[PDB]
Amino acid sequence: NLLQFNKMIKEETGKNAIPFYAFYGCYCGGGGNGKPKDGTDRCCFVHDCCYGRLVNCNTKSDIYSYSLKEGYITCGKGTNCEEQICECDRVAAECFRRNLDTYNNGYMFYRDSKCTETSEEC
């Protein structure tokens, strides 16, 4: 579920999905395309790529079991889809945390028209 991933994003970055990630560079938020704007944007790109591999799962709705001991995100048991989605989510949540040092405010709400590049392959 997007609310869980959004939870992780906050638990890892101390920031909030919306706005900080709702729309960033060209991949955060609603799909997107072109070429990643930067580290953080690269994270959303990969995440978008992750969900894609799971064509048969309501990546945004399906709720999954996960924990959070000492900042380490655990994915409980569930269904291929629930487990998979969890696994896409935490790698991102962590990816964002690993890029905090170069987050660019200017890329927040970065227009997708400016994303005039050859879409990166997954």
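The first residue of the shown sequence is 1; numbering continues from there.
Mean CA temperature factor is higher for 30-38 when stretches 30-38 and 93-101 are set side by side in the entry. For the two regions 4-12 and 111-119, the entry's Cα B-factors average higher over 111-119. When the modelled residues of the chain are ordered by C-alpha B-factor, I85 sits in the lowest third. When the CA B factors of the chain's modelled residues are split into thirds, the value for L68 lands in the highest one.
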